[PDB]
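Accompanying notes for the structure given below.
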Amino acid sequence: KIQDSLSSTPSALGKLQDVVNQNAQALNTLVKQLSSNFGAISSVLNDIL
Amino acid sequence: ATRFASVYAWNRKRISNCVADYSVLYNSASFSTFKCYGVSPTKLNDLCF
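One line per chain: the protein sequences are A and E, in this order.
First residue of the first sequence? That's 933 in PDB author numbering, and the numbers climb one at a time after it.
First residue of the second sequence? That's 344 in PDB author numbering, and the numbers climb one at a time after it.
Given below as structure tokens:
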């Protein structure tokens, strides 16, 4: 039943999917903040220099 | 240009697909005020637009 429930139901692993997802969102959010301008003339550091 | 357009109907000459020798702008002294926002007023030659 564990084999079938985990293979079939994607939300069954939500407690682990949320931690991996929060880390993926935290790093993806951090990189999108590297894509965020924050009030500067440009968000890209190599072009600013 | 020998003659330019007036300030209400100012011309708009788009430049593309060539090499832009910004040296004639950077080293020139006839420009009374070169007070330049956005990018550095001297080292224009090291960017692609």
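All C-beta atoms, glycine included, are put in the ideal place defined by N, C-alpha and C.
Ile973(A) - DSSP class collapsed to helix/strand/coil: For the purposes of this step, residue 973(A) is identified with residue 41 of the first sequence, where counting begins at 1. Three-state DSSP puts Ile973(A) in coil, outside helix and strand.
Between the CA atoms of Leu948(A) and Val362(E) - distance to the nearest angstrom: Within the second sequence, the letter at position 19 stands for residue 362(E). Within the first sequence, the letter at position 16 stands for residue 948(A). Answer to the nearest angstrom: the Cα atoms are 55 Å apart.
Contacting residues, own chain, Cβ-Cβ under 7 Å from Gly946(A) (five flanking each side not counted): Numbered from 1 along the first sequence, position 14 holds the residue referred to as residue 946(A). For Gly946(A), where only same-chain residues beyond five positions count, there are no Cβ hits under 7 Å.
Beta-carbon spacing of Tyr369(E), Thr385(E) below 8 Å: In the second sequence, residue 369(E) corresponds to position 26, counting from 1. In the second sequence, residue 385(E) corresponds to position 42, counting from 1. A contact, by the Cβ cut-off of 8 Å.
Residues near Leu390(E) in its chain [Cβ-Cβ closer than 8 Å; skip 5 each side]: On the second sequence, position 47 is the one that residue 390(E) refers to. So the list reads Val382, once near-sequence residues are dropped.
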